[PDB]
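Residue numbers (the UniProt record's numbering), protein chains in the order written: chain A, 8 to 82; chain B, 15 to 416.
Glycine included, each C-beta is placed from N, C-alpha and C at the ideal position.
A short write-up of the structure that comes next.
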């Protein structure tokens with residue numbers, strides 16, 4: 008015989024609890040990747056981005072190492 | 015069902031071999047005992063609202079964790095609160111009933127926002143069937159008060175929180191409460207009721223204000239929502255033969271797409287109408303009714319004439335075959351009533367509260383053709399016929415026409 012149902016209240020805040028949020032942790036990860044890729048793509052033309060980030064990528068990085076010949080540069 | 019007593023409360027239980035139990039608290043608090051029109055309906059709807067130990071919300075959320083269900087209804091005699099659950103969860107349900115009877119906070123907001131709106135939807139759903147309305151109207155004409163009180167709360171007579179709280183003070187007392195357990199171990203239930211319902215008031219037996227008086231008459235309820243007609247005959251000495259007579263006269267078909275072999279069923283041939291004879295025993299009075307519904311007032315009128323004729327014809331002669339058919343149909347009706355948890359609870363509830371020992375389906379008396387014809391003769395020649403017409407009332411029959 009059972010006198011009482013068996014349960015506990017999980018901690019919650021603003022209608023979020025850990026079981027729910029933990030299901031979404033990976034989704035935040037992917038959104039963060041999406042935002043990272045998108046941000047980097049937006050500033051790919053900025054010379055600093057090329058110098059500091061993009062040219063350092065192995066194999067691919069030589070796409071961003073480009074020199075104007077001194078004969079063709081007024082400045 | 016082994017009848018016992020646990021701390022002054024009458025407890026009946028029958029153990030079985032199934033995983034599901036039904037516990038029902040039957041209260042002597044139906045509409046014949048009502049103080050104000052509609053209070054027994056309101057008190058029924060106030061069951062499992064907020065109690066001091068446990069809120070309505072908490073109760074429903076916990077009931078879903080047990081997968082239990084809750085069923086409540088009001089009759090002219092009782093309020094029945096039933097729970098259906100898994101056998102092992104019995105102690106929770108006993109304690110829940112104890113909280114309802116001892117510690118219900120009857121709060122005005124619950125009445126306005128929760129209880130009364132639900133009571134109103136309950137009634138509107140019932141009235142969608144014009145036959146319900148006709149049979150309710152017939153009781154009102156036949157008895158006026160007591161059994162003639164409305165079962166359900168209506169808008170025209172507003173029940174107040176003080177009304178409901180007073181009635182609950184009378185009804186929720188050891189003297190008006192019976193516990194009925196289907197598929198519950200009887201020894202276990204007595205132990206639990208004895209601890210849980212110990213501090214319930216003793217109170218006094220609720221009584222009908224005034225004696226049951228019988229009257230004849232007519233009720234004419236104009237609706238635009240379908241047509242029905244009840245022909246009732248009030249009975250001053252309720253006798254078990256009227257069950258046999260109700261089943262004999264019959265009305266509903268016993269097989270699909272057929273009319274039926276019952277005298278009242280044969281009265282509907284050529285019409286899209288249905289008919290049902292019913293007998294209501296209320297201990298000290300009874301009501302024998304024949305209700306006819308249909309979409310055509312002309313057809314209802316036609317069937318009503320044949321219905322009265324059928325009853326007169328029965329008063330003349332019934333064959334031996336027909337009397338045996340009535341015994342068979344009546345034993346069956348008794349058996350299925352004792353099986354259905356809804357009606358079962360109230361049957362033992364009437365044995366526990368009132369004292370009317372139950373008639374087991376196997377002990378249903380066989381009435382001779384003499385006894386049946388005599389019962390029908392006594393009805394066709396009644397001094398107080400009731401007729402309740404519902405729908406296009408200008409086109410339905412009157413008592414004096416029948």
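**Near-chain A residues of the segment 63-87 of chain B - C-beta to any C-beta below 7 Å** = Answer set for the segment 63-87 of chain B: 76, 79, 80.
**Asked** residue 190 (chain B) to residue 32 (chain A), Cα distance in whole Å?
**Response** Straight-line measurement puts the Cα of residue 32 (chain A) at about 58 Å from the Cα of residue 190 (chain B).
**Message:** Any beta carbon from chain A within less than 9 Å of residue 105 (chain B)'s own beta carbon?
**Reply:** In terms of beta-carbon proximity, residue 105 (chain B) lines the interface with chain A, with at least one pair separated by less than 9 Å.
**Item:** Reference residue 70 (chain A); option with closest CA among A:61, A:9, A:38
**Value:** When only C-alpha atoms are compared, the closest one is A:61.
**Message:** Let's test the definition: count the other Cβ atoms within 10 Å of the Cβ of residue 239 (chain B) and tell me whether it reaches 16, buried, or not, exposed.
**Reply:** A residue is called buried once 16 or more other Cβ atoms fall within 10 Å of its Cβ, and residue 239 (chain B), having fewer, is exposed.
**Item:** Cβ separation of residue 237 (chain B) and residue 404 (chain B), assumed to be a contact under 8 Å, to the nearest whole Å
**Value:** Contact annotation, residue 237 (chain B) with residue 404 (chain B): C-beta distance approximately 6 Å; criterion of less than 8 Å satisfied.
**Request:** Might you give, ordered along the chain, the residues of its own chain that have their beta carbon closer than 8 Å to the beta carbon of residue 22 (chain A), omitting 5 neighbours on each side?
**Result:** Around residue 22 (chain A): no qualifying Cβ.
**Interface residues of chain B facing residue 17 (chain A) [CB-CB closer than 7 Å]** = Chain-ordered listing is empty here: chain B has no CB closer than 7 Å to the CB of residue 17 (chain A), the nearest sitting near 14 Å.
**Asked** Exposed or buried, which one is residue 10 (chain B) when buried takes at least 16 other CB atoms within 10 Å?
**Response** Here chain B covers residues 15 to 416 and nothing more, so residue 10 (chain B) does not appear.
**Asked** For residue 229 (chain B), which of helix, strand or coil comes out of DSSP?
**Response** Here residue 229 (chain B) carries a coil assignment [DSSP, helix/strand/coil].
**Message:** Is any non-hydrogen atom of ligand 1 found closer than 8 Å to the C-beta of residue 409 (chain B), if you look at the structure I gave you?
**Reply:** No copy of ligand 1 appears in this structure; indeed no ligand is present at all.
**Message:** Can you tell me whether residue 71 (chain B) is buried or exposed? The criterion is at least 16 other CB atoms within 10 Å of its CB, across all chains shown.
**Reply:** Under a 10 Å Cβ-count criterion, residue 71 (chain B) is classified as exposed, with fewer than 16 other Cβ atoms of the shown protein chains found around its own Cβ.
**Request:** Sort B:339, B:101, B:175 by Cα distance to residue 30 (chain B) and report the nearest one.
**Result:** Closest option to residue 30 (chain B), Cα to Cα, is B:101.
**Item:** Whole-number beta carbon distance between residue 104 (chain B) and residue 8 (chain A), since they are thought to touch under 8 Å
**Value:** Right, the Cβ-Cβ distance comes to about 6 Å (below 8 Å), so this counts as a contact.
**Item:** Residue span of the beta strand (DSSP E) that contains residue 98 (chain B), given as start and end
**Value:** Unbroken beta strand (DSSP E) run through residue 98 (chain B): 93-100.
**Request:** Determine the extent of the beta strand (DSSP E) in which residue 105 (chain B) is found, giving its start and end residues.
**Result:** Taken as a continuous stretch (DSSP letters only), residue 105 (chain B) belongs to no beta strand (DSSP E), being part of the alpha helix (DSSP H) at 104-117.
**Asked** Which residues, taken in chain order from the segment 19-33 of chain A, show a beta carbon closer than 7 Å to some beta carbon of chain B?
**Response** Residues passing the 7 Å Cβ filter: none.
**Prompt:** List, in order along the chain, the chain A residues whose C-beta lies closer than 9 Å to that of residue 102 (chain B)?
**Reply:** Those within 9 Å of residue 102 (chain B) in chain A are 8, 9.
**Item:** Short CB-CB distance (under 9 Å) between residue 12 (chain A) and chain B
**Value:** Flagged as an interface residue toward chain B: residue 12 (chain A), by a C-beta distance shorter than 9 Å.
**Asked** Do you know how far the Cα of residue 63 (chain B) is from the Cα of residue 37 (chain B)?
**Response** A straight line joining the alpha-carbon of residue 37 (chain B) with that of residue 63 (chain B) spans about 18 Å.
**Asked** Between residue 28 (chain B) and the rest of its own chain, which residues show a CB-CB distance below 8 Å, the 5 nearest in sequence each way excluded?
**Response** Counting only residues of its own chain and dropping the five nearest sequence neighbours on each side, residue 28 (chain B) has a CB closer than 8 Å to the CB of 15, 16, 195, 196, 197, 198, 200.
**Asked** Cβ of residue 257 (chain B) within 9 Å of Cβ of residue 347 (chain B)?
**Response** In this structure, residue 347 (chain B) lies closer than 9 Å to residue 257 (chain B) by Cβ.
**Request:** For residue 36 (chain B), decide whether its Cβ has a neighbour in chain A, counting only Cβ atoms nearer than 9 Å.
**Result:** Chain A contact via Cβ: absent.
**Message:** Does any residue of chain A have a CB that is nearer than 9 Å to the CB of residue 29 (chain B)?
**Reply:** Closer than 9 Å: no.
**Asked** Can at least three beta-carbon pairs, one atom from the segment 299-307 of chain B and one from the segment 337-344 of chain B, be found at a separation below 8 Å?
**Response** In the pairwise beta carbon analysis, the segment 299-307 of chain B is classified as not touching the segment 337-344 of chain B: fewer than three pairs are separated by under 8 Å.
**Asked** Hey, quick one: how far does the alpha helix (DSSP H) through residue 36 (chain B) stretch, first residue to last?
**Response** For residue 36 (chain B), no alpha helix (DSSP H) encloses it; the enclosing beta strand (DSSP E) starts and ends at 34-41.
**Asked** Is it true that the CB of residue 120 (chain B) sits closer than 9 Å to the CB of residue 175 (chain B)?
**Response** Against a cut-off of 9 Å, the Cβ pair of residue 120 (chain B) and residue 175 (chain B) comes out as a contact.
**Message:** With H, G and I counted as helix, E and B as strand and the rest as coil, what does DSSP make of residue 51 (chain B)?
**Reply:** Three-state result, residue 51 (chain B): coil.
**Neighbour flag for residue 109 (chain B) against chain A, beta carbons, 9 Å** = Closer than 9 Å to the CB of residue 109 (chain B) there is at least one CB belonging to chain A.
**Asked** Below 9 Å between beta carbons: does that hold for residue 56 (chain B) and residue 173 (chain B)?
**Response** In this structure, residue 173 (chain B) lies closer than 9 Å to residue 56 (chain B) by Cβ.
**Message:** Among B:154, B:52, B:80, B:79, whose alpha-carbon lies nearest the alpha-carbon of residue 402 (chain B)?
**Reply:** The shortest C-alpha to C-alpha distance from residue 402 (chain B) to any of B:154, B:52, B:80, B:79 is the one to B:154.
**Request:** If I'm right that residue 285 (chain B) touches residue 308 (chain B) with Cβ under 8 Å, what's the distance once you round it to whole angstroms?
**Result:** Right, the Cβ-Cβ distance comes to about 7 Å (below 8 Å), so this counts as a contact.
**Asked** Out of curiosity, what's the CA-to-CA distance linking residue 68 (chain B) and residue 414 (chain B)?
**Response** Cα-Cα distance, rounded: 57 Å.
**Item:** C-beta atoms of residue 128 (chain B) and residue 166 (chain B) nearer than 9 Å
**Value:** Contact annotation: residue 128 (chain B) and residue 166 (chain B) have beta-carbon atoms that are not nearer than 9 Å.
**Item:** Distance between residue 416 (chain B) and residue 253 (chain B) (C-alpha atoms, nearest Å)
**Value:** Roughly 25 Å between the two C-alpha positions.
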